[PDB]
Structures are given as C-alpha cells and as structure tokens.
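Reading the structure
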Amino acid sequence: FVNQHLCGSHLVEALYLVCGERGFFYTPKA
Amino acid sequence: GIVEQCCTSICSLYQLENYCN
Ligand SMILES: Cc1cccc(O)c1
C-alpha cells in the first residue's frame, strides 16, 4: 500500500498549491 | 475517501478545493 502512500504524497502537494493561504486538513481516510 | 476518490481516478484542481479549509 505503498501505492496510496505514493498517491497521497502527490495529493498533499496539489492541496498545498490549491488551498493556498487557507490550508487544508489531510485525512488519509474518512 | 480522499484517497479512494483521488487515487483511483484523477481529481481536478476543482474537486481538490473541497478538502481546503
Ligand atoms: C492533483 C492530483 C494529485 C494526485 C492525484 C490526483 O487524483 C490529483
């Protein structure tokens, strides 16, 4: 499950650029 | 489900804005 692991690394990075000054919370679930 | 939503199929910047604060 290195695959989801690889994928959330790129997702938090897209989130960092999309949320900007607002932030985001990163839940690997829900 | 961020993962299930975005790791199984590609997410657009626009769906991505929803996990912002
Ligand atoms: C922008 C981005 C990063 C990683 C996975 C995706 O579905 C979308």
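In the block above lies the structure referred to throughout.
Residues numbered from 1 in each chain as written, not as in the entry; some residues may be left out. Chains lettered and ligands numbered in written order. Heavy atoms only, no water.

Residue and element names in this part refer to chain B. Scanning the model with the defined rule gives three disulfides over all chains in all. Two residues share a disulfide in this structure: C6 and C11, whose sulfurs sit 1.9 Å from each other. Residues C6 and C11 share a disulfide whose torsion about the S-S bond is about -90°; that sign makes it left-handed. On the basis of relative accessibility, which here comes to 8%, the residue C6 falls in the buried class. (Disulfide = S-S within 2.5 Å. Buried < 20%, exposed > 50% of the residue type's maximum accessible area, 1.4 Å probe, protein only.)

With twelve residues, the main nonpolar core is built from A:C7, A:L11, A:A14, A:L15, A:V18, A:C19, B:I2, B:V3, B:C6, B:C11, B:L16 and B:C20. Dropping the residues within four chain positions of it, A:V18 is found in contact with B:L13, B:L16, B:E17 and B:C20. (Core = buried A, V, L, I, M, F, W, Y, C linked by side-chain atoms within 4.5 Å. Contact = heavy atoms within 4.5 Å.)

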